Amino acid sequence: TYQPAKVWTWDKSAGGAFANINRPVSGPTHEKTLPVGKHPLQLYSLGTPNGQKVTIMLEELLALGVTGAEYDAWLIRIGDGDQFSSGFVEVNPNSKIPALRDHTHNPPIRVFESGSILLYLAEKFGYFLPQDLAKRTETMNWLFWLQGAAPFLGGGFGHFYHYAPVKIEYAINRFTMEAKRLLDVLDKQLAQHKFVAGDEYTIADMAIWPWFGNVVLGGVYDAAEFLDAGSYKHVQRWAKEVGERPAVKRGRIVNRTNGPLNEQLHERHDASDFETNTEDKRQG
Amino acid sequence: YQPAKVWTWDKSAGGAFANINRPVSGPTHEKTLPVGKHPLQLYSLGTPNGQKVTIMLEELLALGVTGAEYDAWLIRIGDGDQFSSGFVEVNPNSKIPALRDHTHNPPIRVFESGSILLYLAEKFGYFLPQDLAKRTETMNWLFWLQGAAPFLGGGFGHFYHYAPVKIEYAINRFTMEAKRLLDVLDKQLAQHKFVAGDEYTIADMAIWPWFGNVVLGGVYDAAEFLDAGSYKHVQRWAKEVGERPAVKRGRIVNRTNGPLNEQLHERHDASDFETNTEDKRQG
Ligand SMILES: N[C@@H](CCC(=O)N[C@@H](CS)C(=O)NCC(=O)O)C(=O)O
Ligand SMILES: N[C@@H](CCC(=O)N[C@@H](CS)C(=O)NCC(=O)O)C(=O)O
Ligand SMILES: N[C@H](CCC(=O)N[C@@H](CS)C(=O)NCC(=O)O)C(=O)O
Ligand SMILES: N[C@H](CCC(=O)N[C@@H](CS)C(=O)NCC(=O)O)C(=O)O
């Protein structure tokens, strides 16, 4: 019967999902400077649920004509360890996407953590975060909630249900029960409010949709049936409402490398890229 | 064992926190929350997440910010107090800490410890830099904490410490990550006195009760396992922050175990630290 050691040590031979990238130590593995484009915002990211939050926000800002939200979204393949380049570590020492630099300052200001990037963009431009203190505070409560909940959905439920090479009943049960509890909190909130934090769409919706909205629409971990996604009537209503917004349809495909080819735009350097550079146009 | 097509909730599970954990949210009983005389009403327990907030409130009072006066009411999460109707009304997620600011009508509810730290920093104007670069870097680390603690607590703490059955696969996954996060923090503190820069902020208050106390042996009985003495900069900073007068006080609010002089079950007036700690209630 297994007993932990007095002092944990790393077995590099264990293998398994993300074996090639996960380590007990942080920092750079190689020297590479990040590319920088002509736009004021430089984003270094991948179209996972956390990258999508940020590119949905950027697209929503552009739809309101916000010229300062123009951006270059450079692809960082986390499977290849691009997050451990010297250049990437300088923008985010935690080596996770998304990471952004705002080049309208000197020196440029780095922003890492998807939730921090959403708050930074909301404050910078003044949209998608209410002015009223009570409404702003509710919006922040739900944004934080997501930032504290996604780790359970991804690092817990998604890991054990989808990626782990061994199906562990105790861990699947613990993390599926919690993912359901979180969906239930979200469902009972959306029963009473059009959007997560109230009557208006905010950065809280943008943070939550790529995780909880996509999970119930079948888009993450092949888990909608296992999670009984159809039982969360109000999550479904809201996930379809937010998912149909034109800026969400564009934001959700930026830096995306899975799904239908016509729903992948591997980098974004101008608005016209959506017309000409999606992966369905690059098959020859 | 193979997962089902659709997960169903069995009982017969009696593992750690199995008696409070459910796949559904909402109240288990009806009870109103107590309300005291002070402007800020806190409903919490002195776990790492409660301590973030009581530290901030004590730091603000140390600066003479009288509007941070607070009632810190005890919520016993092991008794299901987080599932009363009154508690669900302040935080529909049923976790502590949760706070209401009764200087508004209706009072403004604030839930998630990181949301509370931000709300208080913005309300009073302390512990969140005004310079945009420094402000942004403080928020990066605060959000980093809020996204990292789930792995330290609901992963590492759960599988290493609380679960009586030690599941090697899970313990290796979450220990590795705990150490990676410690190393991030150590490499940052190698270059900076506080987590976000030169000055103490809400980011230190968020991170200390988790990563600071883990390295000092205060959480999960894990310092040896984690090789915590290897993170020299986390140790330096953890000791430096722990010496702060307001940290010494904040860390004991709503604590219900440990030495008697390190337990103040509720805080309802500043003199409670002199009169009403569990050691002083000894007759
Ligand atoms: N708390 C984070 C989590 C970010 C995150 O988990 N990014 C993942 C991809 S979605 C990643 O970069 N993983 C790289 C790795 O684990 O090495 C945030 O909200 O930004
Ligand atoms: N993301 C959270 C987590 C809060 C949390 O995990 N609270 C725990 C105590 S430290 C809790 O109330 N647990 C009660 C339960 O799980 O039923 C926050 O930062 O406030
Ligand atoms: N270090 C990895 C990389 C995979 C990954 O980073 N997953 C992301 C989603 S793409 C995640 O669970 N993020 C948690 C969060 O968003 O807080 C792992 O072993 O789980
Ligand atoms: N629902 C429980 C209760 C235990 C609990 O709430 N743990 C807190 C620490 S006291 C936690 O890990 N919080 C995670 C966070 O702060 O994000 C669990 O099964 O993990």
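In what follows, chains carry the letters A, B, and so on, assigned in the order in which the sequence lines appear, proteins first and then strands, with residues in each chain numbered from 1. What's counted below: heavy atoms across the whole structure, side chains too, no hydrogens, waters or symmetry copies.
Panel note: side chain A:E279, backbone A:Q264; no donor-acceptor pair is recorded below 3.5 Å. One N or O on the side chain of A:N20 and one on the backbone of A:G79 form a donor-acceptor pair closer than 3.5 Å. Within the 3.5 Å criterion, the main-chain N or O of B:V234 finds a donor-acceptor partner in the side chain of B:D186. In this structure a side-chain-to-backbone donor-acceptor pair under 3.5 Å is present from B:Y43 to B:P34. Remark: side-chain polar atoms of B:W9 are not paired, donor with acceptor, to backbone N or O of B:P23 under 3.5 angstrom. Side chain of A:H193 to backbone of A:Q189: a donor-acceptor contact under 3.5 angstrom is found.
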request  = Decide side-chain contact (heavy atoms from CB on, under 4.5 Å) for A:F128 and A:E200; before the verdict, give the C-alpha distance in whole Å, the side-chain angles of both, and the deciding distance to 0.1 Å.
outcome  = CA-CA 8 Å; A:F128 304 110; A:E200 303 302 316; over 6 Å; no

task = Verify side-chain contact (heavy atoms from CB on, under 4.5 Å) between B:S25 and A:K188, making sure each step is shown before the conclusion.
result = CA-CA 9 Å; B:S25 73; A:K188 287 175 171 164; 3.7 Å; yes

query = Given the rule in the side-chain contact (heavy atoms from CB on, under 4.5 Å) test, do B:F83 and B:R22 qualify, once you have shown the distances and angles that lead to the verdict?
reply = CA-CA 11 Å; B:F83 309 119; B:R22 296 181 292 152; 3.8 Å; yes

ask   = Which is it for B:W73 and B:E266 under the side-chain hydrogen bond (donor to acceptor under 3.5 Å, both in side chains) test, yes or no, and what are the steps along the way?
value = CA-CA 6 Å; B:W73 301 101; B:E266 292 190 342; over 6 Å; no

task = Kindly determine whether B:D81 and B:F87 satisfy side-chain contact (heavy atoms from CB on, under 4.5 Å), including the steps that lead there.
result = CA-CA 7 Å; B:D81 288 356; B:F87 195 86; over 6 Å; no

task = Any chance you could lay out the salt bridge (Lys or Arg N to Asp or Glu O under 4.0 Å) test for A:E60 and A:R245, step after step, and finish with the verdict?
result = CA-CA 9 Å; A:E60 291 282 6; A:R245 300 174 59 93; 2.9 Å; yes

message = Please evaluate residues A:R181 and B:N21 with respect to the criterion side-chain hydrogen bond (donor to acceptor under 3.5 Å, both in side chains), reporting the C-alpha separation (whole Å), side-chain torsions for both, the decisive distance (0.1 Å), and the verdict.
response = CA-CA 9 Å; A:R181 193 194 62 79; B:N21 293 351; over 6 Å; no

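For the atom pair CD (B:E168) and CD1 (A:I168), the distance works out to 10.0 Å, reported to the nearest 0.5 Å. Rounded to the nearest 0.5 angstrom, A:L190 CG and A:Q236 CD are separated by 11.0 Å. Rounding to the nearest 0.5 Å places CD of B:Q146 at 9.5 Å from CD1 of B:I207. From B:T47, atom OG1 reaches atom CG of B:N254 across 9.0 Å, with rounding to the nearest 0.5 Å. Taking OG1 from A:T176 and CG from A:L183, the interatomic distance works out to 11.0 Å, rounded to the nearest 0.5 Å. Separating the NZ atom in A:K53 from the OG atom in A:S45 is a distance of 10.5 Å, to the nearest 0.5 Å.
No more than 12 heavy atoms of other residues, nucleotides or ligands lie within 6.0 Å of NZ in A:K135, so this atom counts as exposed by the packing criterion. Taking a 6.0 Å sphere around CG of B:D79, one finds it holds more than 12 heavy atoms contributed by other residues, nucleotides or ligands. Residue-environment remark: CZ (A:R77) stays at or below the threshold of 12 foreign heavy atoms within 6.0 Å. By the neighbour-count criterion of 12 heavy atoms within 6.0 Å, atom NZ of A:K12 is sparsely surrounded, having that number or fewer from other residues, nucleotides or ligands. Atom NZ of A:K249 sits in a crowded spot, with more than 12 heavy atoms from other residues, nucleotides or ligands closer than 6.0 Å.
Summarising the geometry of B:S94 relative to B:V88, their closest heavy-atom pair is OG-CG2, 3.4 Å, with the distance given to 0.1 Å. Of all non-hydrogen atoms in B:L117 and B:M56, the two that sit nearest each other are CD2-CB, 3.5 Å. A pairwise comparison of heavy atoms in A:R256 and A:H266 identifies O-CD2, 3.0 Å as the closest pair. The two residues B:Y169 and A:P165 come nearest to each other via the heavy atoms OH-CD, 3.4 Å. B:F111 and B:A98 make their closest contact through CB-CB, 4.4 Å (heavy atoms, listed as atom of the first residue, atom of the second, distance). Pairing each heavy atom of B:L45 with each of B:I96, the nearest pair is O-CD1, 3.6 Å.
Within the 4.5 Å cutoff, side-chain heavy atoms of B:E89 are placed close to those of B:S85. Using a 4.5 Å heavy-atom cutoff, the side chains of A:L153 and A:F175 are not in contact. Residues B:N49 and B:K95 fail the side-chain proximity criterion, which asks for heavy atoms closer than 4.5 Å. You'll find the side chain of A:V242 reaches within 4.5 Å of the side chain of A:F195, heavy atoms only. Side-chain contact between B:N91 and B:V110 is absent, with no heavy atoms from C-beta onward closer than 4.5 Å. Counting heavy atoms from C-beta outward, B:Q82 and B:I77 have side chains that approach closer than 4.5 Å. When side chains are defined from C-beta on, B:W7 counts as touching A:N173, because their heavy atoms get closer than 4.5 Å. Counting only heavy atoms from C-beta outward, the side chains of A:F152 and A:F157 never approach each other to under 4.5 Å.
A salt bridge between A:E225 and B:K5 is present, with a side-chain N of the basic residue lying under 4.0 Å from a carboxylate O of the acidic one. A salt bridge links B:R251 with B:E262: at least one charged nitrogen is closer than 4.0 Å to a carboxylate oxygen. Of the charged side-chain nitrogens involved, none lies within less than 4.0 Å of a carboxylate oxygen, so that B:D183 and B:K179 do not count as a salt-bridged pair. The pair B:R109-A:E138 meets the salt-bridge criterion, since a charged nitrogen lies less than 4.0 angstrom from a carboxylate oxygen. A salt bridge links A:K194 with A:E241: the closest approach of a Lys/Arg side-chain nitrogen to an acidic carboxylate oxygen falls below 4.0 angstrom.
Among B:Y231, B:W144, B:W141, the one residue that satisfies the ring pair (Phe, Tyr, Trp, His ring centres under 6.0 Å) test with B:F211 is B:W144.
Less than 6.0 angstrom separates the ring centroid of B:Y160 from the ring centroid of B:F225. Checked against a 6.0 Å centroid threshold, the rings of B:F17 and B:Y162 count as neighbours.
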